[PDB]
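What follows is the content of structure_7.cif, which has mmCIF, N, CA, C and O atoms:
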```
data_query
#
loop_
_atom_site.label_atom_id
_atom_site.label_comp_id
_atom_site.auth_asym_id
_atom_site.auth_seq_id
_atom_site.Cartn_x
_atom_site.Cartn_y
_atom_site.Cartn_z
N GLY A 1 78.72 74.24 111.03
CA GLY A 1 77.54 73.68 111.71
C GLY A 1 77.80 72.23 112.10
O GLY A 1 78.35 71.47 111.30
N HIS A 2 77.40 71.84 113.30
CA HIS A 2 77.31 70.44 113.70
C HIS A 2 76.19 69.72 112.93
O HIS A 2 75.39 70.36 112.25
N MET A 3 76.09 68.41 113.12
CA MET A 3 74.86 67.65 112.93
C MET A 3 74.58 66.94 114.24
O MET A 3 73.59 67.27 114.90
N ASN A 4 75.47 66.04 114.65
CA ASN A 4 75.43 65.41 115.97
C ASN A 4 76.74 65.70 116.71
O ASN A 4 77.72 66.13 116.09
N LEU A 5 76.75 65.45 118.02
CA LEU A 5 77.88 65.62 118.92
C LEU A 5 78.87 64.44 118.75
O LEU A 5 78.52 63.43 118.12
N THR A 6 80.07 64.52 119.31
CA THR A 6 81.00 63.40 119.48
C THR A 6 81.38 63.22 120.96
O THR A 6 81.33 64.18 121.73
N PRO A 7 81.79 62.00 121.38
CA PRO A 7 82.40 61.81 122.68
C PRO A 7 83.62 62.71 122.89
O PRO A 7 83.80 63.23 123.99
N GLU A 8 84.42 62.91 121.84
CA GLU A 8 85.69 63.64 121.87
C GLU A 8 85.44 65.15 121.93
O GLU A 8 86.29 65.92 122.36
N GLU A 9 84.25 65.59 121.52
CA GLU A 9 83.83 66.97 121.67
C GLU A 9 83.66 67.29 123.15
O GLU A 9 83.91 68.42 123.53
N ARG A 10 83.24 66.33 123.98
CA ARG A 10 83.11 66.58 125.40
C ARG A 10 84.49 66.85 126.02
O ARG A 10 84.60 67.76 126.83
N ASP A 11 85.52 66.13 125.58
CA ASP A 11 86.90 66.35 126.03
C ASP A 11 87.31 67.81 125.81
O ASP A 11 87.99 68.39 126.65
N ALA A 12 86.88 68.40 124.69
CA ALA A 12 87.28 69.75 124.27
C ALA A 12 86.54 70.92 124.96
O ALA A 12 86.79 72.08 124.63
N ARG A 13 85.62 70.68 125.91
CA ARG A 13 84.89 71.74 126.64
C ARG A 13 85.77 72.53 127.60
O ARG A 13 85.30 73.54 128.15
N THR A 14 87.00 72.09 127.84
CA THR A 14 87.95 72.74 128.72
C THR A 14 88.20 74.18 128.27
O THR A 14 88.29 74.45 127.08
N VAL A 15 88.37 75.10 129.22
CA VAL A 15 88.70 76.49 128.96
C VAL A 15 90.06 76.77 129.56
O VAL A 15 90.30 76.61 130.76
N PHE A 16 91.00 77.11 128.69
CA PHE A 16 92.30 77.60 129.06
C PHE A 16 92.12 78.99 129.67
O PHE A 16 91.54 79.89 129.06
N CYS A 17 92.63 79.14 130.88
CA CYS A 17 92.63 80.35 131.66
C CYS A 17 94.09 80.77 131.78
O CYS A 17 94.85 80.11 132.49
N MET A 18 94.51 81.79 131.05
CA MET A 18 95.86 82.36 131.12
C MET A 18 95.75 83.78 131.70
O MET A 18 94.63 84.28 131.83
N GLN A 19 96.88 84.45 131.97
CA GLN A 19 97.03 85.80 132.52
C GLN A 19 96.72 85.84 134.03
O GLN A 19 96.45 86.91 134.59
N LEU A 20 96.73 84.68 134.70
CA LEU A 20 96.28 84.57 136.08
C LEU A 20 97.34 85.09 137.05
O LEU A 20 98.51 85.22 136.70
N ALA A 21 96.94 85.31 138.31
CA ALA A 21 97.87 85.70 139.36
C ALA A 21 98.75 84.53 139.78
O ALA A 21 98.31 83.38 139.85
N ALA A 22 99.94 84.87 140.28
CA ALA A 22 100.89 83.94 140.88
C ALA A 22 100.32 83.15 142.05
O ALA A 22 100.86 82.09 142.38
N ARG A 23 99.29 83.68 142.72
CA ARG A 23 98.76 83.23 144.00
C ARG A 23 97.27 82.89 143.90
O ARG A 23 96.59 82.84 144.92
N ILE A 24 96.76 82.65 142.69
CA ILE A 24 95.39 82.20 142.51
C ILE A 24 95.20 80.81 143.14
O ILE A 24 96.15 80.02 143.25
N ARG A 25 93.99 80.49 143.59
CA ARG A 25 93.58 79.16 144.03
C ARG A 25 92.99 78.43 142.82
O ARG A 25 92.51 79.08 141.90
N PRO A 26 92.89 77.09 142.83
CA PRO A 26 92.16 76.37 141.79
C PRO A 26 90.70 76.84 141.74
O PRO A 26 90.18 77.08 140.65
N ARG A 27 90.06 77.03 142.91
CA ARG A 27 88.65 77.39 142.99
C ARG A 27 88.38 78.76 142.35
O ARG A 27 87.27 78.96 141.88
N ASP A 28 89.33 79.70 142.37
CA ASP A 28 89.07 81.09 141.98
C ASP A 28 88.49 81.15 140.56
O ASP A 28 87.73 82.06 140.24
N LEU A 29 88.88 80.20 139.71
CA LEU A 29 88.45 80.06 138.33
C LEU A 29 87.11 79.35 138.26
O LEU A 29 86.28 79.71 137.43
N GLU A 30 86.90 78.30 139.06
CA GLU A 30 85.70 77.49 138.95
C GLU A 30 84.50 78.29 139.48
O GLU A 30 83.44 78.27 138.85
N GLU A 31 84.71 79.09 140.53
CA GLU A 31 83.79 80.08 141.08
C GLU A 31 83.37 81.05 139.98
O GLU A 31 82.19 81.21 139.68
N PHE A 32 84.37 81.66 139.34
CA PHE A 32 84.21 82.71 138.36
C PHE A 32 83.29 82.30 137.21
O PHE A 32 82.63 83.15 136.61
N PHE A 33 83.27 81.01 136.90
CA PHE A 33 82.39 80.44 135.90
C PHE A 33 81.07 79.93 136.48
O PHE A 33 80.04 80.04 135.81
N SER A 34 81.07 79.36 137.69
CA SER A 34 79.92 78.72 138.31
C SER A 34 78.73 79.69 138.42
O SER A 34 77.58 79.25 138.44
N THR A 35 78.97 81.00 138.42
CA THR A 35 77.92 82.02 138.46
C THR A 35 76.96 81.94 137.26
O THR A 35 75.82 82.41 137.34
N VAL A 36 77.38 81.32 136.15
CA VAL A 36 76.61 81.19 134.92
C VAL A 36 76.72 79.77 134.33
O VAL A 36 76.25 79.52 133.23
N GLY A 37 77.36 78.83 135.04
CA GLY A 37 77.89 77.62 134.44
C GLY A 37 77.95 76.46 135.42
O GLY A 37 77.51 76.54 136.56
N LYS A 38 78.54 75.36 134.94
CA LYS A 38 78.85 74.18 135.72
C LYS A 38 80.21 73.64 135.30
O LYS A 38 80.51 73.54 134.10
N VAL A 39 80.99 73.24 136.28
CA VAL A 39 82.35 72.75 136.13
C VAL A 39 82.31 71.23 136.27
O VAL A 39 81.58 70.67 137.09
N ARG A 40 83.08 70.57 135.42
CA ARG A 40 83.35 69.15 135.45
C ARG A 40 84.52 68.90 136.39
O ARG A 40 84.34 68.16 137.35
N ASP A 41 85.68 69.52 136.15
CA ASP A 41 86.85 69.39 137.02
C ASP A 41 87.79 70.58 136.80
O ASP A 41 87.55 71.42 135.93
N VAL A 42 88.87 70.67 137.57
CA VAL A 42 89.77 71.81 137.66
C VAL A 42 91.20 71.27 137.51
O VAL A 42 91.68 70.51 138.36
N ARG A 43 91.86 71.63 136.41
CA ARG A 43 93.17 71.11 136.00
C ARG A 43 94.18 72.27 136.04
O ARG A 43 94.88 72.56 135.06
N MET A 44 94.25 72.98 137.17
CA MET A 44 95.13 74.10 137.38
C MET A 44 96.56 73.59 137.37
O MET A 44 96.88 72.67 138.12
N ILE A 45 97.45 74.20 136.57
CA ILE A 45 98.87 73.90 136.66
C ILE A 45 99.32 74.39 138.04
O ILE A 45 99.02 75.52 138.44
N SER A 46 99.96 73.52 138.82
CA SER A 46 100.33 73.74 140.21
C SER A 46 101.48 74.76 140.33
O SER A 46 102.62 74.40 140.60
N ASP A 47 101.16 76.02 140.10
CA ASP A 47 102.08 77.10 139.74
C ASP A 47 102.84 77.66 140.95
O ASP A 47 102.65 78.80 141.38
N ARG A 48 103.75 76.86 141.53
CA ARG A 48 104.51 77.21 142.73
C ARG A 48 106.01 77.32 142.50
O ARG A 48 106.68 77.95 143.30
N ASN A 49 106.53 76.73 141.42
CA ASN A 49 107.94 76.68 141.04
C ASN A 49 108.66 78.02 141.10
O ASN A 49 109.87 78.02 141.30
N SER A 50 107.95 79.15 140.98
CA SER A 50 108.52 80.48 141.20
C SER A 50 109.54 80.86 140.10
O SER A 50 110.43 81.69 140.33
N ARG A 51 109.45 80.23 138.91
CA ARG A 51 110.36 80.48 137.79
C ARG A 51 109.71 80.28 136.40
O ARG A 51 110.37 80.52 135.38
N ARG A 52 108.46 79.81 136.31
CA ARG A 52 107.68 79.63 135.07
C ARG A 52 106.72 80.82 134.90
O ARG A 52 106.94 81.88 135.49
N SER A 53 105.70 80.72 134.04
CA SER A 53 104.75 81.80 133.77
C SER A 53 104.00 82.32 135.00
O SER A 53 103.80 83.53 135.12
N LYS A 54 103.59 81.41 135.89
CA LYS A 54 102.89 81.69 137.15
C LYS A 54 101.51 82.30 136.91
O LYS A 54 101.09 83.15 137.69
N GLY A 55 100.79 81.88 135.87
CA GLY A 55 99.51 82.49 135.55
C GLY A 55 98.65 81.67 134.60
O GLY A 55 98.13 82.22 133.64
N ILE A 56 98.51 80.36 134.84
CA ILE A 56 97.81 79.44 133.93
C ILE A 56 96.94 78.43 134.69
O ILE A 56 97.30 78.01 135.80
N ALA A 57 95.83 78.00 134.09
CA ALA A 57 94.95 76.91 134.52
C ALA A 57 94.09 76.42 133.33
O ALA A 57 93.95 77.15 132.35
N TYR A 58 93.49 75.23 133.41
CA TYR A 58 92.52 74.70 132.45
C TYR A 58 91.30 74.20 133.24
O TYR A 58 91.44 73.27 134.04
N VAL A 59 90.13 74.80 133.10
CA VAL A 59 88.92 74.36 133.79
C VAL A 59 88.10 73.51 132.82
O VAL A 59 87.77 73.98 131.73
N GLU A 60 87.80 72.27 133.17
CA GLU A 60 86.87 71.46 132.41
C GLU A 60 85.46 71.95 132.74
O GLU A 60 85.01 71.81 133.88
N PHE A 61 84.76 72.51 131.76
CA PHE A 61 83.32 72.74 131.88
C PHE A 61 82.56 71.44 131.59
O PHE A 61 83.11 70.51 130.99
N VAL A 62 81.27 71.42 131.93
CA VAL A 62 80.37 70.33 131.53
C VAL A 62 79.65 70.66 130.21
O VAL A 62 78.98 69.78 129.67
N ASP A 63 79.73 71.87 129.65
CA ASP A 63 78.87 72.27 128.53
C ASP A 63 79.61 72.99 127.42
O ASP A 63 80.37 73.93 127.67
N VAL A 64 79.31 72.60 126.19
CA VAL A 64 79.88 73.20 124.99
C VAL A 64 79.55 74.68 124.89
O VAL A 64 80.38 75.44 124.39
N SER A 65 78.36 75.12 125.32
CA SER A 65 77.98 76.51 125.07
C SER A 65 78.62 77.44 126.09
O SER A 65 78.62 78.65 125.89
N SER A 66 79.25 76.90 127.14
CA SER A 66 80.01 77.72 128.05
C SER A 66 81.41 78.08 127.53
O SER A 66 82.00 79.01 128.08
N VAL A 67 81.92 77.45 126.47
CA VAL A 67 83.19 77.87 125.85
C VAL A 67 83.04 79.32 125.35
O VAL A 67 83.76 80.19 125.86
N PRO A 68 82.11 79.65 124.44
CA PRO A 68 81.88 81.03 124.02
C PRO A 68 81.35 81.93 125.14
O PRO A 68 81.48 83.16 125.04
N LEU A 69 80.79 81.38 126.22
CA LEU A 69 80.50 82.16 127.42
C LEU A 69 81.82 82.66 128.01
O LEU A 69 82.01 83.87 128.14
N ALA A 70 82.74 81.75 128.34
CA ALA A 70 84.01 82.04 128.98
C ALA A 70 84.83 83.05 128.18
O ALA A 70 85.49 83.91 128.77
N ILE A 71 84.79 82.98 126.85
CA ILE A 71 85.44 83.95 125.96
C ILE A 71 84.93 85.36 126.32
O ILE A 71 85.74 86.26 126.57
N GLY A 72 83.62 85.52 126.45
CA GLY A 72 82.96 86.78 126.76
C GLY A 72 83.28 87.35 128.14
O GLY A 72 82.87 88.48 128.45
N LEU A 73 84.01 86.63 128.99
CA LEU A 73 84.36 87.05 130.34
C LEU A 73 85.76 87.67 130.41
O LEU A 73 86.16 88.09 131.49
N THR A 74 86.48 87.79 129.28
CA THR A 74 87.90 88.18 129.23
C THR A 74 88.27 89.48 129.96
O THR A 74 89.43 89.66 130.33
N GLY A 75 87.32 90.40 130.17
CA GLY A 75 87.58 91.74 130.68
C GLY A 75 87.14 91.94 132.13
O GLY A 75 87.25 93.05 132.65
N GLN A 76 86.62 90.89 132.77
CA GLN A 76 86.51 90.86 134.22
C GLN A 76 87.92 90.67 134.80
O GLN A 76 88.86 90.43 134.04
N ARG A 77 88.10 90.79 136.12
CA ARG A 77 89.38 90.51 136.78
C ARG A 77 89.25 90.31 138.30
O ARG A 77 89.55 91.22 139.08
N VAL A 78 88.88 89.11 138.73
CA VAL A 78 88.61 88.83 140.14
C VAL A 78 89.88 89.06 140.94
O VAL A 78 90.91 88.42 140.69
N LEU A 79 89.86 90.02 141.86
CA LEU A 79 91.01 90.42 142.68
C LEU A 79 92.20 90.94 141.88
O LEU A 79 93.19 91.34 142.49
N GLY A 80 92.10 91.02 140.55
CA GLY A 80 93.21 91.36 139.68
C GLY A 80 93.56 90.24 138.70
O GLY A 80 94.62 90.31 138.08
N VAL A 81 92.71 89.22 138.56
CA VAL A 81 92.93 88.07 137.70
C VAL A 81 91.94 88.08 136.54
O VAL A 81 90.85 87.53 136.69
N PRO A 82 92.26 88.78 135.43
CA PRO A 82 91.54 88.63 134.17
C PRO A 82 91.82 87.26 133.53
O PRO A 82 92.70 86.52 133.98
N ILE A 83 91.15 86.98 132.41
CA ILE A 83 91.27 85.72 131.68
C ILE A 83 91.39 86.00 130.18
O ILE A 83 90.70 86.85 129.64
N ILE A 84 92.24 85.25 129.48
CA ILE A 84 92.35 85.35 128.03
C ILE A 84 91.18 84.62 127.36
O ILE A 84 90.77 83.56 127.82
N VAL A 85 90.71 85.14 126.23
CA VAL A 85 89.73 84.58 125.29
C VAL A 85 90.10 83.23 124.65
O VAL A 85 89.44 82.80 123.72
N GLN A 86 91.21 82.62 125.06
CA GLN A 86 91.89 81.62 124.24
C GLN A 86 91.08 80.37 123.94
O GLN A 86 91.22 79.82 122.85
N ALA A 87 90.28 79.89 124.90
CA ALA A 87 89.71 78.57 124.93
C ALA A 87 90.82 77.52 124.92
O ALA A 87 92.01 77.81 124.80
N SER A 88 90.43 76.27 125.07
CA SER A 88 91.33 75.13 125.00
C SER A 88 90.92 74.28 123.78
O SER A 88 90.70 73.07 123.87
N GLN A 89 90.78 74.95 122.63
CA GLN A 89 90.46 74.35 121.34
C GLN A 89 91.69 73.59 120.82
O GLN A 89 92.71 73.51 121.50
N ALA A 90 91.58 72.98 119.63
CA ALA A 90 92.63 72.18 119.03
C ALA A 90 92.80 72.54 117.55
O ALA A 90 91.88 73.06 116.91
N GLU A 91 93.95 72.18 116.98
CA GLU A 91 94.30 72.33 115.56
C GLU A 91 93.69 71.17 114.76
O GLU A 91 94.37 70.46 114.00
N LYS A 92 92.40 70.91 114.96
CA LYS A 92 91.67 69.80 114.37
C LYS A 92 90.27 70.28 114.03
O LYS A 92 89.69 71.06 114.80
N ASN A 93 89.71 69.87 112.90
CA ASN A 93 88.33 70.12 112.54
C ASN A 93 87.90 69.01 111.57
O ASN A 93 88.29 69.03 110.40
N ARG A 94 87.10 68.08 112.08
CA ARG A 94 86.75 66.79 111.48
C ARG A 94 88.02 66.12 110.99
O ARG A 94 89.03 66.20 111.72
#
```
Rendering of file as structure tokens:
Amino acid sequence: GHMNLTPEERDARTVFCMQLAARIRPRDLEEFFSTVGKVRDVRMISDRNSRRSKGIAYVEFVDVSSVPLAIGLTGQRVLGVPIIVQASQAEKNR
């Protein structure tokens, strides 16, 4: 349980989006959440190198409660682009 929020908790609202298509746009992820949510910014790895994973992005949400929202979206697949439940959490707790 929380008691109060932290400034650094806002940093952690980001959602790691893995399993993505080689040819996804940055917007394809922000759209996919905007239907139920609000986006702060879009930190898509510029996946053009043609030799790495080719299926990753990090979307900054504006809201803590959209992290467990985004988890619940794992089994959709826009054009063939599902998302992992992973979140962009950290190996830290107080």
For residue 87 of chain A, the nearest of the candidates A:23, A:43, A:13, A:54, counting only N, CA, C and O atoms: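 Smallest separation from residue 87 of chain A among the options: A:13.
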Is it possible to get the axis-aligned box enclosing segment 67-71 of chain A (all listed atoms, 4 Å extra per side) as JSON, with centre and edge lengths in Å rounded to one decimal?
```
{"center_x": 83.1, "center_y": 81.9, "center_z": 126.5, "size_x": 13.2, "size_y": 16.8, "size_z": 13.0}
```
Closest of A:21, A:26, A:64, A:77 to residue 6 of chain A - atom-to-atom distances counting only C-alpha atoms: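 With only C-alpha atoms as the atom set, the closest residue is A:64.
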Per-residue DSSP, chain A, filtered to strand (DSSP E or B), as a PyMOL selection string: chain A and resi 15-18+39-42+56-61+78+81
Sphere at (102.1, 85.8, 137.5), radius 10 Å, counting only C-alpha atoms: residues as a list in words: residues 18, 19, 20, 21, 22, 23, 24, 47, 50, 51, 52, 53, 54, 55, 56 and 81 of chain A
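Each of A:17, A:42, A:85, A:3 was compared to residue 67 of chain A using all atoms listed in the file, and A:85 turns out to be the nearest.
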Atom N of residue 27 of chain A to atom O of residue 58 of chain A, distance in Å rounded to a single decimal: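 Between atom N of residue 27 of chain A and atom O of residue 58 of chain A the gap works out to 9.7 Å.
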DSSP alpha helix (DSSP H) residues within chain A, as an MDAnalysis selection string: chainID A and resid 7:11 27:34 66:71
Translate the PyMOL selection byres ((chain A and resi 40) around 5) into a concrete residue list for this structure, as a tab-separated table (two decimals) with N, CA, C and O atoms, in the coordinates of the input.
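Resulting contents of out26.tsv:
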```
chain	number	residue	atom	x	y	z
A	38	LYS	N	78.54	75.36	134.94
A	38	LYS	CA	78.85	74.18	135.72
A	38	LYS	C	80.21	73.64	135.30
A	38	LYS	O	80.51	73.54	134.10
A	39	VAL	N	80.99	73.24	136.28
A	39	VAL	CA	82.35	72.75	136.13
A	39	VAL	C	82.31	71.23	136.27
A	39	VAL	O	81.58	70.67	137.09
A	41	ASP	N	85.68	69.52	136.15
A	41	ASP	CA	86.85	69.39	137.02
A	41	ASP	C	87.79	70.58	136.80
A	41	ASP	O	87.55	71.42	135.93
A	42	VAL	N	88.87	70.67	137.57
A	42	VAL	CA	89.77	71.81	137.66
A	42	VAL	C	91.20	71.27	137.51
A	42	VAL	O	91.68	70.51	138.36
A	60	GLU	N	87.80	72.27	133.17
A	60	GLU	CA	86.87	71.46	132.41
A	60	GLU	C	85.46	71.95	132.74
A	60	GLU	O	85.01	71.81	133.88
A	61	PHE	N	84.76	72.51	131.76
A	61	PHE	CA	83.32	72.74	131.88
A	61	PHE	C	82.56	71.44	131.59
A	61	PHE	O	83.11	70.51	130.99
A	62	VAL	N	81.27	71.42	131.93
A	62	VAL	CA	80.37	70.33	131.53
A	62	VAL	C	79.65	70.66	130.21
A	62	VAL	O	78.98	69.78	129.67
```
Residues within 8 Å of residue 70 of chain A, all atoms listed in the file, excluding chain neighbours under 3 positions, as a ChimeraX atom specification: /A:15-16,32-33,64-67,73-75,83-87
Å distance separating atom CA of residue 69 of chain A from atom CA of residue 46 of chain A, one decimal place: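 Distance reported for this atom pair: 25.1 Å.
With all atoms listed in the file as the atoms that count, the minimum distance from residue 29 of chain A to the choices A:71, A:59, A:79, A:90 is reached by A:59.
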Atomic distance atom CA of residue 8 of chain A - atom N of residue 30 of chain A, expressed in Å with one decimal: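 Computed distance, atom CA of residue 8 of chain A to atom N of residue 30 of chain A, equals 22.6 Å.
Among the candidates A:4, A:11, A:28, A:45, the one nearest to residue 78 of chain A when counting only N, CA, C and O atoms is A:28.
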